[PDB]
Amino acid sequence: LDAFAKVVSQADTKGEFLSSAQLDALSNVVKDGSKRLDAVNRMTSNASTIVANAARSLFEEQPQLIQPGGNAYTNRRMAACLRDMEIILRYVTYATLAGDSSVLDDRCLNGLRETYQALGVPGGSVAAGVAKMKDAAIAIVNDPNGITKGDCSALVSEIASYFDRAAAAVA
């Protein structure tokens, strides 16, 4: 409704009906909103798979994490690791829904590096796990089956930026 009211102001200033350009512009706002909801829906609905695929890739790459002495050794520690990735993924979907990183920053990333240091969690391995969630999430967002075909590339880039910001915040 924000973009619609601004277009009214512009048309009224001209004293004209909406132009074809203004109608296509507003139509693209509605299309972008719908694509954004598909991305949030696909990431939300598949949240456990995104977490599991990333964790599997991280542990296979960094087996020390789940060998004796590792920070994610024993299932109890492993489970808390999966829970952390779920939390970060949750705030990435919030950012995707809102179109900005304000909640992701204020509620999740601000001070998170310092929580991990208080705990001895290796933030650089959290960053790798977040970057792997990114790739799993994007493969799910970009799957063309089950959805109206179209371009989601700008949205996928924006989603990648949220994952990269979260990873860089904890490294």
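For every residue, the number given is its place in the sequence shown, counted from 1.
Trainee: May I ask you to compare 47-55 and 64-72 by their mean CA B factor in the entry and name the higher one?
Mentor: Comparing averages over the C-alpha atoms only gives 64-72.
Trainee: With reference to the PDB entry, specify whether the mean Cα temperature factor is higher for 112-120 or for 129-137.
Mentor: Mean C-alpha B-factor is greater for 112-120.
Trainee: Is the Cα B-factor recorded for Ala168 in the lowest, middle or highest third of its chain?
Mentor: Tercile = middle for this residue's CA B-factor.
Trainee: Hey, what third does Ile159 fall into on Cα B-factor, ranked over its chain?
Mentor: It belongs to the lowest third of the chain when residues are ordered by C-alpha B-factor.
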